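With this note's numbering, letter number 564 in the sequence shown gets 564, and the count goes up by one each step, no holes.
The beta-carbon is built from N, C-alpha and C at its ideal position, and this holds for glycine as well.
Okay, so here's the structure we're looking at.
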Amino acid sequence: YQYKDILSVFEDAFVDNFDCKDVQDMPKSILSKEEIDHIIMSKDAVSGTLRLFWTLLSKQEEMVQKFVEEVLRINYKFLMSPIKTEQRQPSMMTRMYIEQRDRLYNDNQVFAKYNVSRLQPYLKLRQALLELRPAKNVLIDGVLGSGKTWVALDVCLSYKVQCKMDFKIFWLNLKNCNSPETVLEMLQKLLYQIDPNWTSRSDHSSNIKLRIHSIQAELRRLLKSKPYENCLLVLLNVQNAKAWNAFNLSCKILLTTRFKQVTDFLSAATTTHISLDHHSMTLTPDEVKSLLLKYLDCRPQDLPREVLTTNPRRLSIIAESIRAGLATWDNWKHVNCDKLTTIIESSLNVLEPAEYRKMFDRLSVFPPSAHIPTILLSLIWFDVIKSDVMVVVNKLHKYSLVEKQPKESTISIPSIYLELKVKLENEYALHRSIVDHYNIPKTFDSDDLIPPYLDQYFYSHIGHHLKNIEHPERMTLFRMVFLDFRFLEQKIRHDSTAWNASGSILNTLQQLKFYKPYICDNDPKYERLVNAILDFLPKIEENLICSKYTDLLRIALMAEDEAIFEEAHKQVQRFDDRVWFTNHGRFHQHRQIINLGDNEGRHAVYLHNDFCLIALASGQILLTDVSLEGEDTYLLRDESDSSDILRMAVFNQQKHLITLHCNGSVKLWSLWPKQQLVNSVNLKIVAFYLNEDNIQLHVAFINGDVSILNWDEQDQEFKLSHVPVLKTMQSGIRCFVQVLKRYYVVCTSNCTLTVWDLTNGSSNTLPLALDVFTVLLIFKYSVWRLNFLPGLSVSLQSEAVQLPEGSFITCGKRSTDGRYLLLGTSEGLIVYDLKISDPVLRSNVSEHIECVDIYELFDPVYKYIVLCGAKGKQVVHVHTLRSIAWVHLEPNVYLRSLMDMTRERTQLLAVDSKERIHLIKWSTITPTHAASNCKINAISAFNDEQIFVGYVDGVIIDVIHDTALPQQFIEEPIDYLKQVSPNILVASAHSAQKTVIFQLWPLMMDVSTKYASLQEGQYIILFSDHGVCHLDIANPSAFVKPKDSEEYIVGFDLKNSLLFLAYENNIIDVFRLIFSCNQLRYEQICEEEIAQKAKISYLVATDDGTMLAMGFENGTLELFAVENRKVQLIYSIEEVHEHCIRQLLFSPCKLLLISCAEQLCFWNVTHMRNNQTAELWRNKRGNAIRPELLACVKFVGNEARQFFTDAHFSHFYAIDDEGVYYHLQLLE
């Protein structure tokens, strides 16, 4: 390491000890006399020491090492010992600070190149950073280009700031962020700066605002950690206050701005103000000559006297850049309107004026700050040129105004003048110049997938060119929409560099937004259905962010799925291509939204046994079945009273309901068998509290008197208790609760809190709802927690729970488990955690909520059910919580897996989490034993009339006949159930290693079977973990026990009387089955060992048995053929899947191979062979990159265990682990 970097470390006590006023014997070579006198002339110790430090860092080590050895040696040896050792030891803090400083220097090259330190702004802003608190923020403002970046970077380079920020400072340039979705990109950048870890499965979609809120919450959770507790985050060139609201994180933030409106919005009380426009806060003439001499390197420069010092010289640099070319002379002339950009007009007419003026002015057509291809730049200039394109490009770079990124041969437009003066008269020929622009790709030819198309420009800013054409040409073939454009645009323009992964969704919505302006293409009017699809494309695009930019998939298949009306566009679009398939015309995944007629639900509550009670606007009660499978919906209406419902509570093991209306009446309803008026047991009734230990009711009148009522089971009625009426004398009570069976907490309409001691009756002085679990107070605008502690004076700890701006609370409810609680607001639902006081979740809908309810659930997967009703809507939304996140058929049941396919291929059978068998050709069958809470473990069907099922306790049911087979053989879970012939059945327990064969005897083997087969109607072949066994039906006593092989069988298949077997050590044995009249014999054909390292996961052989293929646990897929008693590798494909291959299947025509894993892949066998039903798959070709990969469909779930095909290989049935269940049909 270098001494200069470590010298900046020892700075504080360096200021305390070193003087620089007592070392004027300083060897003159190290410090020149003029500059050392300048340092000594400084007034205070801190400023002089800082100037000395800067001057020392300016020089090289050939004087730094002399500063070490000499100078201080005469008197400052006491300051040697740390640094005299710190050069060697290099402590961990020193190393971390140096590493961060090097990273910051490498990030900004110009800072290292042409730096200059402004003492006054640097010190002034450093003091604010030192004093700053983890919630406040310091704002620095000034005219555009007043060098706020100078001072910001300079201050952050100081060691004291880094030490106080714990070496955790994150920059963020907030430029071009006036859209609600670029802020999401900036948040992703900040997260990547934090840590490259994010479970992207949280596809919120809907409005992007919800996703930005979710990522804000995630990063807020991630930042409040001890290493990240104090951290500087810097906002650069912030645009509008909206970005600030999207970027306030309760962190040590600081923003630099230039718009005055941001300063107006910013509250100076909570934010310190730093101004660069102050007359004292400006470049001094000494600073003027320092900046001028930074890299001009000339002795006499006094001619630039009275140049724009005000200028942060951001202007000067302009002037200096001219100096590298045009003389200082005529720049004293350039002072005319020096403050205004007329100087920018100069140095351009001074540029060679033959043709370069108009030649450069041609660059106004391009969008600002865009990477311009040089090839297109050739034609945009083809009017004259009269030179070589690269020659004029080189001269353009030479003067000031080209950076010329050569990696992809692209011109870059600078961004300090070309935003201005490019208007002029816009020369002429602008529209025909853009005509040439759209001509160079001749965007009317599209034949197959992606044609020649420039990757960067023509996928990014082509819309700008398309905008400035004739209107008949504007609408006719705008391309864009959806054919192939956005898929390859998303993959190629991917922004995977730092703030995203391979492929994004952003900057295409920002092209489809600002297409919210361009539906003006023909307006809605003509192709108004295209206006509809233009609106819907955002939603479907956010619906499939994941599973699309993770692998080699194309947009077309994932389009051809789904619903709504885009399919009408696909059917027209996709009639000029080969292969292609889906037509997934079925959906059996969950339910939501419950109809409740023309009335609007005021309140909602869930009930046991899957029911819901809705309190309606009309004053009635609607009891409904949530499964949408029952047939009973009851309407409980009070014929005498129609007052609206204000409150209710279900009690008595949810068998009775207590309700309270506006008219001062409280009633009791019986739900599972009589409306009782408890008030009869002119004073109106305001509020109540039901508490259960003895079930008890407390009630408050209008005058404040509180009464106490006891439940009666024998009559199921509320009687008056003998406790005397406490006179609260608090009229206008709005709510009241009992705490610890001793105290009363009362809140009135005037936000007044009172506490009453039931033992003595004394009153203590200290709104929407009050709950006890500490007391939760819910107001319209605020939420309060009141922790209670017992004592002579009751001690209450009040904590505010944060809520979002511009919104108010309507109603709330706490979970039964007391961990989370739900708040309803005009924007939607907020799921809030009590133990962390952070908003965990937000409802997917931006709507005015009028009722909230939560229901704890008993399942390892689903935990809570959420109900919410909307004002002005005739629906009520049902949301389910999974361990917590939104899951987006009863809302508490899901299909697990355990498929079954009939031999004739006419019916498919599935099982759900509630042991119900679903038949799809859709009907539901419930077996009798499901009431015994026995988990469903295996299912097997042969025809539509024989369906058998095995449970976890060794129990066999015939589903259709509801008959149980003899229960005296297997008591363990049944891991396998399948019948091979209409009169035989096999069942096995793997844990007990037991098998039973039923004749539809039964026969018992001490073997565990993973697969069973019948041969010649005589021999039953069983595959075990230890070997293969064969049984004769005619002679069951001749069972052949397996040889005790130490090797487990991992893959196998029996085809064409040839037995393939794979062991864990990557060895295949292939045998030929020879059938004699009295004995089954195995002759060994081959033994061979695989070169692939990974374990074999599945094996499959073709019908003729000539070929085979296996997949491995790492996702590799291998194909071999079997010739000359040898197995030779035919083809290898890697990165097929990231999980182990779950199934492999060969078509009878031998042209196709299906792989079932995290994604379903179709592989072409012919192209597979040539590079060492049939009419449907002939001449089908795949992607150019992977010619053997015909198609691939990604399951929304993590994996799929099994898949089935029909006889014609035209339909494919699949079920992933999440219960979503796919029908994949070939496009006929």
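From the options, pick the residue whose C-alpha is nearest to that of residue i; which is it?
i	options	result
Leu766	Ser225, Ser1210, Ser795, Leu418	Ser795
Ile939	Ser665, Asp900, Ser1037, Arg916	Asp900
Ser991	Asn983, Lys978, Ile925, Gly954	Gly954
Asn609	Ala327, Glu856, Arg819	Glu856
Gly812	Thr256, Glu805, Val831, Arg819	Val831
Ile1033	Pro1148, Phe1023, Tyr1019	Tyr1019
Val699	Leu709, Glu692, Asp693	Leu709
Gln511	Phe170, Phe942, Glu527, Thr182	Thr182
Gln193	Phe170, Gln907, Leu210	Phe170
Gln874	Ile614, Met359, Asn248	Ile614
Apart from the five residues on each side of it in sequence, which residues of its chain come closer than 8 angstroms, Cβ to Cβ, to residue i?
i	result
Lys655	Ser670, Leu671, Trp672
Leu418	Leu363, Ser364, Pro368, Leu401
Buried or exposed, going by whether 16 or more other CB atoms sit within 10 Å of the CB of residue i?
i	result
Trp1163	buried
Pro304	buried
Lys407	exposed
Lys741	exposed
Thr748	buried
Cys1077	exposed
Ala931	exposed
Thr476	exposed
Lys148	buried
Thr659	buried
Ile925	exposed
Looking at the secondary structure, which residues open and close the beta strand (DSSP E) in which residue i lies?
i	result
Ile1067	1067-1075
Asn937	936-941
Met648	645-651
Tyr459	It is not in any beta strand (DSSP E) - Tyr459 instead sits in the alpha helix (DSSP H) that spans 457-460.
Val996	994-999
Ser923	923-925
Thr659	656-661
Grab me the residues of residue i's own chain with a C-beta within less than 6 angstroms of its C-beta, minus the 5 sequence neighbours each way, in chain order.
i	result
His431	none
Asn764	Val755
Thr1205	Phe1212
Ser364	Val422
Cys337	none
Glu799	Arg785
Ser883	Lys863
Between which two residues does the alpha helix (DSSP H) carrying residue i extend?
i	result
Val262	260-265
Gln979	Careful: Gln979 lies outside any alpha helix (DSSP H) and carries neither H nor E.
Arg734	Run containing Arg734: none in the alpha helix (DSSP H); it sits in the beta strand (DSSP E), 733-739.
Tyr97	92-107
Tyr122	119-131
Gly48	45-58
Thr284	That residue, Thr284, is in no alpha helix (DSSP H); it is neither H nor E in DSSP.
Leaving out the 5 sequence neighbours to the left and right, which residues in its chain are closer than 7 angstroms to residue i when beta-carbon positions are compared?
i	result
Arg1169	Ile1130
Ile1215	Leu895, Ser897, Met899, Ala910, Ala1200, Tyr1221
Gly828	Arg842, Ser843, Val845, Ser846, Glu847, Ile849
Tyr606	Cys612, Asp853, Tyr855, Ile865, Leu867
Using 8 angstroms for Cβ pairs, my map puts residue i next to residue j. What's the rounded Cβ distance?
i	j	result
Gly142	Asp277	5 angstroms
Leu254	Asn137	6 angstroms
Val626	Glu890	7 angstroms
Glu1188	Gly1182	6 angstroms
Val1136	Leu1117	5 angstroms
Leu219	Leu190	6 angstroms
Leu293	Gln301	7 angstroms
Indicate whether at least one CB of chain B lies closer than 9 angstroms to the CB of residue i.
i	result
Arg73	This model lacks chain B altogether, as it is built from one protein chain only.
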